[PDB]
Each structure stands twice: as C-alpha cells, then as structure tokens.
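Descriptive analysis of the structure
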Amino acid sequence: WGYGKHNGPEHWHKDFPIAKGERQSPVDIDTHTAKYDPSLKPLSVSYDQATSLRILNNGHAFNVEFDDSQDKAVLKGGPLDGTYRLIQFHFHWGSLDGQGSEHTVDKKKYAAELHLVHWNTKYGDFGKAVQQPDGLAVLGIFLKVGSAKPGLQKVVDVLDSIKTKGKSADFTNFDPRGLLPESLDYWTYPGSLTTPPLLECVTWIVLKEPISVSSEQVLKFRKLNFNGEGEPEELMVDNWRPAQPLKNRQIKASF
Ligand SMILES: [Hg+2]
Ligand SMILES: [Zn+2]
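Residues numbered from 1 in each chain as written, not as in the entry; some residues may be left out. Chains lettered and ligands numbered in written order. Heavy atoms only, no water.

1. A closer look at the packing of aromatic side chains
What the rule picks out here adds up to 15 aromatic pairs. With 6.4 Å between their ring centres and 15° between their planes, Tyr-3 and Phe-226 make a pair best called stacked. Neither residue differs from the other here; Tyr-3 and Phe-226 are each classed as buried. Plain terms: the ring middles of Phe-89 and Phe-91 are 6.2 Å apart, the flat faces sit at 85° to each other, and that makes the pair edge-to-face. We note that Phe-89, like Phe-91, is buried. Pairwise contacts between aromatic rings join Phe-62, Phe-66, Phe-89, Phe-91, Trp-93, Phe-171, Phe-174 and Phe-221 into one cluster. (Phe/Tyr/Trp six-rings, centres within 6.5 Å; stacked < 30°, edge-to-face > 60°. Buried < 20%, exposed > 50% of the residue type's maximum accessible area, 1.4 Å probe, protein only.)

2. Quick look at the nonpolar core
Counting 46 residues, the largest nonpolar core has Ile-55, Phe-62, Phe-89, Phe-91 and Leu-159 as its most contacted members. Secondary-structure elements contributing two or more residues to this core are β5 (62-66), β7 (84-93), β9 (112-120), β10 (136-145), α3 (153-158), β13 (202-207) and β14 (211-213). Looking at this core, the element that brings in the most residues is β7, giving 5 residues. Among all residues touching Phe-91, those that are not within four sequence positions of it are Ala-61, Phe-62, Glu-113, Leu-114, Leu-143, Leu-152, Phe-221 and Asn-239. Formed by 23 residues, the second largest nonpolar core is a distinct cluster that contains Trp-119, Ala-129, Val-202 and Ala-253. (Core = buried A, V, L, I, M, F, W, Y, C linked by side-chain atoms within 4.5 Å. Helix = DSSP H or I, 4+ residues; strand = E, 2+ residues; numbered from the N terminus. Contact = heavy atoms within 4.5 Å.)

3. What to know about the layout of surface pockets
Empty space among the atoms becomes apparent when a probe as large as a water molecule is rolled across them. The space that makes up the largest pocket amounts to roughly 380 Å³. As for the largest pocket, its lining consists of 22 residues, of which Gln-88, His-90, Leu-193, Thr-195 and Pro-196 are closest to the centre. If you list the elements that add at least two residues to the lining of the largest pocket, you get β7 and β9. Broken down by class, the residue content of the lining of the largest pocket amounts to 12 nonpolar, 10 polar and no charged. In this structure, the second largest pocket spans a volume of roughly 150 Å³. For the second largest pocket, the full set of lining residues is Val-156, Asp-157, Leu-159, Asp-160, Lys-163, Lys-220, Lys-223 and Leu-224. When the residues that make up the lining of the second largest pocket are grouped by side-chain class, the tally is 3 nonpolar, no polar and 5 charged. (1 Å grid on protein atoms, 1.4 Å probe; cavity = no way out; pocket = protein on both sides within 12 Å on 5 of 7 lines; lining within 4 Å. Points joined across faces, edges and corners; volume = space filled by probe spheres on them. Nonpolar A, V, L, I, M, F, W, Y, C, P; charged D, E, K, R; others polar.)

Written out as structure tokens, the structure is:
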C-alpha cells in the first residue's frame, strides 16, 4: 500500500476491506451541522514529563516515538473516559500548500496535519488497544503556512538524518507542548486510523485552532523519501487520505 497511483487510497479496500467501513477517517468537518455539546469536558493534556526516544522514517511518514511504559505524557478529559498514553506523533503534508491535511473544515484543506497517537492505558499495551472501539485517541492539529514554529525546528533539523525508509535517529528531550495551539477547543467523532490496517478504534479530537509553520519548515518535510536507500527516489509528498463518508455519525463541538 502507498500513496501512488497504483497503490493509493483508492486501492486499500482490496487489502483492507474495512476501508469501506462504517466509521472510517478522515472526514469533512461541517461547522454548521457540527453539534455544540455542553456535556463536553475541557481537554486535559499533560506532557510535562514526556520522554522522546527516536524519530523514524517508516516509508509512509516519519514518527517521533515516546516512552509509554509509564503515564509520562497522557491525554484525558474531553470526550474521553480514562487515561490515554502518547506513543508517537507524525504528520501528513502535501506537494503544495493548498493540500496536505486529512480532515477538512467546511471543505477547506490545510498544508499539513499533526496526529498525536494515544492508547487507553485499561488495555495494557497498544496492540490490545487496537482491538477496542475506544482503544485509541488521536489528537489532530492543523498546520498552515505563516510564521515559523520555533518549537518545531528541532524536528526539522533531524530529517536529513532519516531521509529514507528504515532510517531512525536518537531523538530525546523533545517537548511536544511546543506543537500545541493556544486554544484547546475541539471537535470529536468516532473514526479510525487514516492509514492501514485502518482499524476503527479512534476517538478523534481535531482542535479548532491551527498552528502556523514557515514555508521553509514545510519545505524540509517535502525533501523526505518514501523509498529506501539505493532505490529510485520517490519524494514523500501527499501522504494523506481523502475524507470519507460520515455515514450517520455525528460531529460534536466543545464550543
Ligand atoms: Hg477497534
Ligand atoms: Zn496520521
């Protein structure tokens, strides 16, 4: 599977039938049909004790891995029940600034989208989590081209180190709190992972307020390669899935 012509998202249904499932992600966030739910609690992000281990180019994107052996960087409150541990974060970006996000707002596409993956700590491990309807909690953040994000530079500078598929690099003392917007106002709905196995275990939490990154910050993302060393070069661009049919699901707003 990939993002090319012959292995693109339009093909994943053959290998992953759930592709056509009832709670597939990403989806379009219609802000007029969105339902302001007053029973929604405030989000509670606790990343002060976070522990980054490494950055890896897995062939479809780069992931910043974290130590999830203890409740170091957890997610609770909001639409959630119980505590969710951060295990990794990654991005989805476009070939141009007019595309890149997975989720759209009133059909509007952003340059990129950041997903912070957390798993329900009553399931013990991540592998168990992915067997439950409420197993995961992905925190989505939209990225727009504007001023540079200081807090993102460290990431930006290491990409040279992992240009191709299978490469990794030590990547400690990375504080995720610098990738967060000022406001924690969100939208939430029951979906799935936007990439294969496409498991329908995610409680999406897409924040309203986007983060701005510079042109040059984004430009470094587009230098990455899908391909592994010593193969023809396939630039890592447009690693996003088109929005899926809501299919009766309802999108709730905290604002
Ligand atoms: Hg599941
Ligand atoms: Zn993602």
